[PDB]
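A.B. asks: I am attaching a structure below and will ask some questions about it afterwards.
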There are 2 protein chains.
Amino acid sequence: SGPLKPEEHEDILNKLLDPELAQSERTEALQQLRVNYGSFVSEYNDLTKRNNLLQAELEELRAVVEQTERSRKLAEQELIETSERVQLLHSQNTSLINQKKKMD
Amino acid sequence: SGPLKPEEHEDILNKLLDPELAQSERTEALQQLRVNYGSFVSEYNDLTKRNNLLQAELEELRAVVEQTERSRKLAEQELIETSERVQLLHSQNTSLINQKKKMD
């Protein structure tokens, strides 16, 4: 499955403490460490690759923020300009009812 | 420093292959594996914690996007409403020059 839990890694080390351990049980135990350290490095590289992957997501996602704020600041700036256009037209519309009610 | 490179981990395993290895050199070698597997699990947990940390950054950063798009869609919707206000005032301003040029 996955790399050994540290207390399981200790179970192997404990077995190798015996100096009169059979070679077959010693070399089998050393292979368990060999294999497990491989799948540990493997699962660490698969995590360290998922890591600098998320680093590319938000680094691109924050660019989306800057683009959305660009669009938003434009819409507000266009709203301010068209707002000032309403003011003028309403004040021309004001200075022109000064001619319809002026007659008679 | 950090966990052992796999070829350095192999250097320890190779030493333990000797059945007539001194106990002092055997138990020293097993401690190297003991310690190194600790600092490996340590550096893996410090990476797996940096991992689900970035998971909280962009998960909160995408909420900023949704808030900025909320603000942007409001500004565009307000721009459309005030734009339609300009149209009317300009068309009232049109139907009122039909009274200033109408006189004489």
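By order of appearance in the structure tokens: chains A, B, ..., then residues from 1 within every chain, and ligands from 1 in the order shown.
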With only C-alpha atoms as the counted atoms, please give the residues lying no more than 9 Å from residue 55 in chain B, apart from itself and same-chain residues fewer than 5 positions off, as a PyMOL selection string.

C.D. replies: (chain A and resi 54) or (chain B and resi 50+60)

A.B. asks: Counting only C-alpha atoms, which residues from chain B have an atom at most 6 Å from any atom of chain A, and could you show them as a ChimeraX atom specification?

C.D. replies: /B:51,58,65,72,75-76,79,86,89,93

A.B. asks: Output the coordinates of chain B after least-squares fitting to chain A on all in-order C-alpha pairs, as a short mmCIF file (atom, residue, chain, number, x, y, z; two decimals) with N, CA, C and O atoms, in the first residue's frame.

C.D. replies:
data_model
loop_
_atom_site.label_atom_id
_atom_site.label_comp_id
_atom_site.auth_asym_id
_atom_site.auth_seq_id
_atom_site.Cartn_x
_atom_site.Cartn_y
_atom_site.Cartn_z
N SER B 1 0.83 -1.20 0.00
CA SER B 1 0.00 0.00 0.00
C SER B 1 0.86 1.25 0.00
O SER B 1 1.28 1.73 -1.05
N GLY B 2 1.13 1.78 1.19
CA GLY B 2 1.95 2.95 1.35
C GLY B 2 3.16 2.69 2.23
O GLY B 2 3.38 1.58 2.71
N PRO B 3 3.96 3.73 2.46
CA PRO B 3 5.15 3.59 3.30
C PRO B 3 4.79 3.13 4.71
O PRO B 3 3.67 3.29 5.19
N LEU B 4 5.78 2.55 5.38
CA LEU B 4 5.55 1.97 6.69
C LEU B 4 5.35 3.05 7.75
O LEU B 4 6.02 4.09 7.74
N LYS B 5 4.42 2.79 8.66
CA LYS B 5 4.32 3.60 9.86
C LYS B 5 5.61 3.47 10.66
O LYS B 5 6.24 2.40 10.66
N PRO B 6 6.04 4.53 11.35
CA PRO B 6 7.35 4.47 12.04
C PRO B 6 7.47 3.32 13.04
O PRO B 6 8.56 2.77 13.19
N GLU B 7 6.38 2.95 13.72
CA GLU B 7 6.45 1.81 14.62
C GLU B 7 6.55 0.49 13.87
O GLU B 7 7.05 -0.49 14.43
N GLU B 8 6.08 0.44 12.62
CA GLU B 8 6.32 -0.72 11.78
C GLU B 8 7.74 -0.75 11.24
O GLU B 8 8.34 -1.82 11.13
N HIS B 9 8.29 0.42 10.91
CA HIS B 9 9.70 0.50 10.55
C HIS B 9 10.58 0.08 11.72
O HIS B 9 11.64 -0.53 11.52
N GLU B 10 10.16 0.39 12.95
CA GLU B 10 10.91 -0.04 14.12
C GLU B 10 10.85 -1.55 14.30
O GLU B 10 11.82 -2.17 14.75
N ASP B 11 9.71 -2.16 13.95
CA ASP B 11 9.58 -3.61 14.07
C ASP B 11 10.63 -4.34 13.25
O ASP B 11 11.16 -5.37 13.67
N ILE B 12 10.97 -3.80 12.07
CA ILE B 12 12.03 -4.40 11.26
C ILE B 12 13.39 -4.20 11.92
O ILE B 12 14.18 -5.15 12.05
N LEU B 13 13.68 -2.97 12.36
CA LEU B 13 14.96 -2.68 13.00
C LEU B 13 15.18 -3.55 14.23
O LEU B 13 16.29 -4.03 14.48
N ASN B 14 14.12 -3.76 15.01
CA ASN B 14 14.22 -4.60 16.20
C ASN B 14 14.64 -6.02 15.83
O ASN B 14 15.45 -6.64 16.53
N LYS B 15 14.12 -6.53 14.71
CA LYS B 15 14.47 -7.88 14.28
C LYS B 15 15.95 -7.98 13.92
O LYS B 15 16.60 -8.98 14.22
N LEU B 16 16.49 -6.94 13.27
CA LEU B 16 17.89 -6.96 12.86
C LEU B 16 18.86 -6.81 14.03
O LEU B 16 20.08 -6.91 13.81
N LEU B 17 18.37 -6.58 15.25
CA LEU B 17 19.28 -6.46 16.39
C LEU B 17 19.97 -7.78 16.70
O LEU B 17 21.08 -7.78 17.25
N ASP B 18 19.35 -8.90 16.36
CA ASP B 18 19.90 -10.21 16.68
C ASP B 18 21.16 -10.47 15.86
O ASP B 18 21.09 -10.53 14.63
N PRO B 19 22.33 -10.63 16.49
CA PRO B 19 23.53 -10.96 15.71
C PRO B 19 23.50 -12.35 15.13
O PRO B 19 24.06 -12.59 14.06
N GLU B 20 22.84 -13.30 15.81
CA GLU B 20 22.70 -14.66 15.32
C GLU B 20 21.45 -14.84 14.46
O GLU B 20 20.95 -15.96 14.33
N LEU B 21 20.94 -13.76 13.88
CA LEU B 21 19.81 -13.86 12.97
C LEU B 21 20.23 -14.57 11.69
O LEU B 21 21.33 -14.34 11.17
N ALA B 22 19.36 -15.44 11.20
CA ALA B 22 19.61 -16.11 9.93
C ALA B 22 19.81 -15.08 8.83
O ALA B 22 19.15 -14.03 8.80
N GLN B 23 20.75 -15.37 7.93
CA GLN B 23 21.00 -14.48 6.80
C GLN B 23 19.76 -14.28 5.96
O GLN B 23 19.48 -13.16 5.50
N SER B 24 18.99 -15.35 5.74
CA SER B 24 17.78 -15.25 4.93
C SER B 24 16.77 -14.30 5.57
O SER B 24 16.11 -13.53 4.87
N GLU B 25 16.63 -14.36 6.89
CA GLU B 25 15.76 -13.41 7.57
C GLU B 25 16.38 -12.02 7.65
O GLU B 25 15.66 -11.03 7.76
N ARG B 26 17.71 -11.93 7.60
CA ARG B 26 18.35 -10.62 7.62
C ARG B 26 18.21 -9.92 6.28
O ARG B 26 17.81 -8.75 6.22
N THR B 27 18.52 -10.62 5.19
CA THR B 27 18.42 -10.04 3.86
C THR B 27 16.98 -9.77 3.46
O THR B 27 16.72 -8.82 2.71
N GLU B 28 16.04 -10.60 3.92
CA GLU B 28 14.62 -10.29 3.73
C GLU B 28 14.25 -9.00 4.44
O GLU B 28 13.55 -8.14 3.89
N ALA B 29 14.73 -8.83 5.68
CA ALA B 29 14.43 -7.62 6.44
C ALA B 29 15.04 -6.39 5.78
O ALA B 29 14.40 -5.34 5.71
N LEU B 30 16.27 -6.51 5.28
CA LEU B 30 16.91 -5.37 4.62
C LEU B 30 16.21 -5.02 3.31
O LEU B 30 16.22 -3.85 2.91
N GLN B 31 15.60 -6.00 2.65
CA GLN B 31 14.85 -5.71 1.43
C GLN B 31 13.57 -4.96 1.75
O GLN B 31 13.16 -4.06 1.01
N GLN B 32 12.91 -5.31 2.86
CA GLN B 32 11.74 -4.57 3.31
C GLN B 32 12.07 -3.10 3.49
O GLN B 32 11.31 -2.22 3.07
N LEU B 33 13.20 -2.81 4.13
CA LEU B 33 13.65 -1.42 4.27
C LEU B 33 13.97 -0.81 2.91
O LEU B 33 13.63 0.34 2.64
N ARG B 34 14.63 -1.58 2.04
CA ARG B 34 14.95 -1.12 0.70
C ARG B 34 13.69 -0.72 -0.06
O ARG B 34 13.56 0.40 -0.55
N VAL B 35 12.74 -1.65 -0.14
CA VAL B 35 11.49 -1.39 -0.86
C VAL B 35 10.74 -0.22 -0.23
O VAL B 35 10.29 0.70 -0.91
N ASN B 36 10.60 -0.25 1.10
CA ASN B 36 9.77 0.74 1.78
C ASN B 36 10.35 2.14 1.64
O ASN B 36 9.61 3.12 1.48
N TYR B 37 11.68 2.27 1.69
CA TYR B 37 12.29 3.57 1.47
C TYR B 37 12.06 4.05 0.04
O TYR B 37 12.00 5.25 -0.21
N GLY B 38 11.91 3.11 -0.90
CA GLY B 38 11.56 3.49 -2.25
C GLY B 38 10.15 4.05 -2.34
O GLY B 38 9.93 5.12 -2.90
N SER B 39 9.18 3.33 -1.78
CA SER B 39 7.80 3.81 -1.80
C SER B 39 7.60 5.02 -0.91
O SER B 39 6.63 5.76 -1.09
N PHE B 40 8.49 5.24 0.06
CA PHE B 40 8.46 6.47 0.84
C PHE B 40 8.92 7.65 -0.01
O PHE B 40 8.24 8.68 -0.10
N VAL B 41 10.08 7.51 -0.66
CA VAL B 41 10.56 8.54 -1.57
C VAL B 41 9.56 8.77 -2.69
O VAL B 41 9.34 9.91 -3.12
N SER B 42 8.92 7.70 -3.16
CA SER B 42 7.91 7.82 -4.20
C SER B 42 6.72 8.65 -3.73
O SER B 42 6.32 9.61 -4.39
N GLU B 43 6.15 8.29 -2.57
CA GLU B 43 5.02 9.03 -2.04
C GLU B 43 5.40 10.44 -1.59
O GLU B 43 4.54 11.31 -1.51
N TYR B 44 6.68 10.67 -1.29
CA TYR B 44 7.13 12.02 -0.98
C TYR B 44 7.25 12.87 -2.25
O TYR B 44 6.89 14.05 -2.24
N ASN B 45 7.75 12.28 -3.34
CA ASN B 45 7.83 13.01 -4.60
C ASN B 45 6.45 13.24 -5.20
O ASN B 45 6.24 14.27 -5.85
N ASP B 46 5.52 12.31 -5.00
CA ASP B 46 4.15 12.53 -5.45
C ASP B 46 3.44 13.58 -4.61
O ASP B 46 2.48 14.19 -5.08
N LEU B 47 3.89 13.79 -3.37
CA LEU B 47 3.35 14.88 -2.57
C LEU B 47 4.04 16.20 -2.89
O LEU B 47 3.39 17.24 -2.98
N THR B 48 5.37 16.17 -3.08
CA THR B 48 6.10 17.38 -3.43
C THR B 48 5.79 17.85 -4.84
O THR B 48 6.05 19.01 -5.17
N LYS B 49 5.23 16.97 -5.68
CA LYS B 49 4.76 17.39 -7.00
C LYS B 49 3.34 17.93 -6.94
O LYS B 49 3.01 18.86 -7.68
N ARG B 50 2.50 17.35 -6.08
CA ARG B 50 1.21 17.97 -5.80
C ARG B 50 1.39 19.34 -5.15
O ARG B 50 0.55 20.23 -5.32
N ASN B 51 2.49 19.53 -4.43
CA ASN B 51 2.78 20.79 -3.76
C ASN B 51 3.02 21.90 -4.77
O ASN B 51 2.19 22.81 -4.89
N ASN B 52 4.13 21.84 -5.52
CA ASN B 52 4.41 22.87 -6.52
C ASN B 52 3.42 22.85 -7.70
O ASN B 52 3.61 23.61 -8.66
N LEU B 53 2.39 22.00 -7.64
CA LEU B 53 1.25 22.08 -8.54
C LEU B 53 0.23 23.09 -8.03
O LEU B 53 -0.22 23.96 -8.79
N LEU B 54 -0.15 22.99 -6.75
CA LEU B 54 -1.01 24.01 -6.15
C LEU B 54 -0.34 25.37 -6.18
O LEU B 54 -1.03 26.40 -6.22
N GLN B 55 0.99 25.41 -6.14
CA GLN B 55 1.71 26.67 -6.26
C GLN B 55 1.46 27.33 -7.61
O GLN B 55 1.47 28.56 -7.71
N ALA B 56 1.22 26.53 -8.65
CA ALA B 56 0.89 27.07 -9.96
C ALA B 56 -0.59 27.40 -10.12
O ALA B 56 -0.94 28.20 -10.99
N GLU B 57 -1.46 26.80 -9.30
CA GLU B 57 -2.88 27.11 -9.36
C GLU B 57 -3.16 28.52 -8.87
O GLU B 57 -3.67 29.37 -9.62
N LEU B 58 -2.82 28.80 -7.61
CA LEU B 58 -3.13 30.11 -7.04
C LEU B 58 -2.26 31.21 -7.65
O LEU B 58 -2.71 32.36 -7.76
N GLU B 59 -1.03 30.89 -8.05
CA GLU B 59 -0.21 31.88 -8.76
C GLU B 59 -0.87 32.30 -10.06
O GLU B 59 -0.72 33.45 -10.50
N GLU B 60 -1.60 31.38 -10.70
CA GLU B 60 -2.46 31.73 -11.82
C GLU B 60 -3.82 32.23 -11.37
O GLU B 60 -4.44 33.05 -12.06
N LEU B 61 -4.31 31.77 -10.21
CA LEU B 61 -5.60 32.23 -9.73
C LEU B 61 -5.54 33.68 -9.25
O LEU B 61 -6.52 34.41 -9.39
N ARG B 62 -4.41 34.10 -8.68
CA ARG B 62 -4.28 35.50 -8.29
C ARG B 62 -4.18 36.41 -9.50
O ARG B 62 -4.54 37.59 -9.42
N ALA B 63 -3.70 35.89 -10.63
CA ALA B 63 -3.73 36.66 -11.87
C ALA B 63 -5.17 36.89 -12.32
O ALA B 63 -5.48 37.93 -12.91
N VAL B 64 -6.06 35.93 -12.05
CA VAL B 64 -7.47 36.11 -12.35
C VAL B 64 -8.05 37.23 -11.50
O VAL B 64 -8.86 38.04 -11.98
N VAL B 65 -7.65 37.30 -10.23
CA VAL B 65 -8.08 38.40 -9.37
C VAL B 65 -7.67 39.74 -9.97
O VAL B 65 -8.49 40.65 -10.11
N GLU B 66 -6.40 39.86 -10.34
CA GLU B 66 -5.91 41.11 -10.91
C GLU B 66 -6.62 41.47 -12.20
O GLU B 66 -6.81 42.66 -12.50
N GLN B 67 -7.04 40.47 -12.98
CA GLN B 67 -7.82 40.76 -14.18
C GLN B 67 -9.24 41.16 -13.83
O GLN B 67 -9.81 42.06 -14.46
N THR B 68 -9.83 40.52 -12.82
CA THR B 68 -11.19 40.87 -12.42
C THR B 68 -11.24 42.23 -11.75
O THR B 68 -12.21 42.98 -11.92
N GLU B 69 -10.20 42.59 -10.98
CA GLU B 69 -10.13 43.93 -10.41
C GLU B 69 -9.88 44.97 -11.49
O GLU B 69 -10.37 46.10 -11.40
N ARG B 70 -9.10 44.61 -12.51
CA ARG B 70 -8.94 45.49 -13.67
C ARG B 70 -10.30 45.79 -14.29
O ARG B 70 -10.64 46.95 -14.53
N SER B 71 -11.08 44.75 -14.55
CA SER B 71 -12.40 44.94 -15.15
C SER B 71 -13.32 45.73 -14.23
O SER B 71 -14.11 46.56 -14.69
N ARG B 72 -13.23 45.49 -12.92
CA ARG B 72 -14.11 46.16 -11.97
C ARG B 72 -13.78 47.64 -11.87
O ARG B 72 -14.68 48.49 -11.87
N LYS B 73 -12.49 47.97 -11.79
CA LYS B 73 -12.09 49.37 -11.71
C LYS B 73 -12.46 50.12 -12.98
O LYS B 73 -12.72 51.33 -12.93
N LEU B 74 -12.46 49.43 -14.12
CA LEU B 74 -12.92 50.06 -15.35
C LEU B 74 -14.41 50.36 -15.29
O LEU B 74 -14.85 51.45 -15.66
N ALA B 75 -15.20 49.39 -14.81
CA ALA B 75 -16.64 49.57 -14.75
C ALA B 75 -17.01 50.70 -13.80
O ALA B 75 -17.94 51.47 -14.07
N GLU B 76 -16.29 50.82 -12.68
CA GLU B 76 -16.54 51.93 -11.77
C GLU B 76 -16.12 53.25 -12.39
O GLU B 76 -16.82 54.26 -12.26
N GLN B 77 -14.98 53.27 -13.10
CA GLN B 77 -14.52 54.49 -13.74
C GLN B 77 -15.45 54.90 -14.87
O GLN B 77 -15.69 56.10 -15.09
N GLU B 78 -15.97 53.93 -15.62
CA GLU B 78 -16.97 54.25 -16.63
C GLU B 78 -18.28 54.69 -15.99
O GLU B 78 -18.99 55.54 -16.53
N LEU B 79 -18.61 54.13 -14.82
CA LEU B 79 -19.82 54.55 -14.13
C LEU B 79 -19.70 55.98 -13.64
O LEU B 79 -20.67 56.74 -13.69
N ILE B 80 -18.51 56.37 -13.19
CA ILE B 80 -18.31 57.75 -12.74
C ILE B 80 -18.44 58.72 -13.91
O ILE B 80 -19.05 59.78 -13.78
N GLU B 81 -17.89 58.36 -15.08
CA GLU B 81 -17.97 59.24 -16.24
C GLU B 81 -19.40 59.37 -16.74
O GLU B 81 -19.87 60.48 -17.02
N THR B 82 -20.12 58.25 -16.86
CA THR B 82 -21.51 58.31 -17.29
C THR B 82 -22.40 58.94 -16.22
O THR B 82 -23.44 59.52 -16.54
N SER B 83 -22.02 58.81 -14.94
CA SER B 83 -22.74 59.50 -13.89
C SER B 83 -22.63 61.01 -14.06
O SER B 83 -23.63 61.73 -13.98
N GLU B 84 -21.42 61.50 -14.31
CA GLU B 84 -21.23 62.92 -14.57
C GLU B 84 -21.93 63.34 -15.85
O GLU B 84 -22.25 64.53 -16.02
N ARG B 85 -22.19 62.40 -16.76
CA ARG B 85 -22.96 62.71 -17.95
C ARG B 85 -24.44 62.88 -17.61
O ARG B 85 -25.12 63.75 -18.17
N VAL B 86 -24.95 62.08 -16.68
CA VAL B 86 -26.33 62.24 -16.22
C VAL B 86 -26.51 63.61 -15.58
O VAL B 86 -27.49 64.31 -15.86
N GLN B 87 -25.58 63.99 -14.71
CA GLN B 87 -25.67 65.28 -14.03
C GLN B 87 -25.82 66.43 -15.02
O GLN B 87 -26.68 67.30 -14.86
N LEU B 88 -24.99 66.44 -16.06
CA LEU B 88 -25.03 67.51 -17.05
C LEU B 88 -26.36 67.52 -17.79
O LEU B 88 -27.04 68.55 -17.88
N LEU B 89 -26.75 66.36 -18.34
CA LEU B 89 -28.01 66.27 -19.08
C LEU B 89 -29.19 66.66 -18.21
O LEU B 89 -30.15 67.27 -18.68
N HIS B 90 -29.15 66.31 -16.92
CA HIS B 90 -30.22 66.70 -16.02
C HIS B 90 -30.20 68.19 -15.73
O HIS B 90 -31.26 68.80 -15.50
N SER B 91 -29.02 68.81 -15.73
CA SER B 91 -28.90 70.24 -15.52
C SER B 91 -29.11 71.04 -16.80
O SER B 91 -29.44 72.23 -16.72
N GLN B 92 -28.91 70.43 -17.96
CA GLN B 92 -29.43 71.02 -19.20
C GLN B 92 -30.94 70.88 -19.26
O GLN B 92 -31.65 71.82 -19.61
N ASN B 93 -31.45 69.69 -18.90
CA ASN B 93 -32.89 69.50 -18.78
C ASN B 93 -33.50 70.45 -17.76
O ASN B 93 -34.68 70.79 -17.86
N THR B 94 -32.71 70.88 -16.77
CA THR B 94 -33.17 71.90 -15.84
C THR B 94 -33.24 73.27 -16.51
O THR B 94 -34.25 73.98 -16.41
N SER B 95 -32.17 73.66 -17.20
CA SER B 95 -32.09 74.98 -17.81
C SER B 95 -32.94 75.08 -19.07
O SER B 95 -32.92 76.10 -19.76
N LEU B 96 -33.69 74.01 -19.38
CA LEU B 96 -34.60 74.01 -20.52
C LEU B 96 -36.07 73.99 -20.13
O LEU B 96 -36.90 74.43 -20.93
N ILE B 97 -36.41 73.50 -18.94
CA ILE B 97 -37.71 73.80 -18.36
C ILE B 97 -37.81 75.27 -17.97
O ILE B 97 -38.92 75.79 -17.78
N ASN B 98 -36.67 75.96 -17.88
CA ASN B 98 -36.64 77.42 -17.78
C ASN B 98 -37.03 78.11 -19.07
O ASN B 98 -36.94 79.34 -19.15
N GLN B 99 -37.43 77.35 -20.09
CA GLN B 99 -37.94 77.91 -21.33
C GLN B 99 -39.35 77.45 -21.67
O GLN B 99 -40.06 78.17 -22.38
N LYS B 100 -39.77 76.28 -21.18
CA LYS B 100 -41.14 75.82 -21.43
C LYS B 100 -42.12 76.45 -20.45
O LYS B 100 -43.23 76.84 -20.84
N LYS B 101 -41.74 76.55 -19.17
CA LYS B 101 -42.54 77.29 -18.21
C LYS B 101 -42.33 78.79 -18.31
O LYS B 101 -43.12 79.56 -17.75
N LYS B 102 -41.28 79.23 -19.02
CA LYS B 102 -41.06 80.65 -19.23
C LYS B 102 -42.11 81.24 -20.17
O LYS B 102 -42.57 82.38 -19.97
N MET B 103 -42.52 80.49 -21.19
CA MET B 103 -43.54 80.96 -22.11
C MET B 103 -44.90 80.96 -21.43
O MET B 103 -45.36 79.91 -20.96
N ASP B 104 -45.53 82.12 -21.38
CA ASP B 104 -46.82 82.30 -20.70
C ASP B 104 -46.74 81.83 -19.25
O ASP B 104 -47.76 81.74 -18.57
#
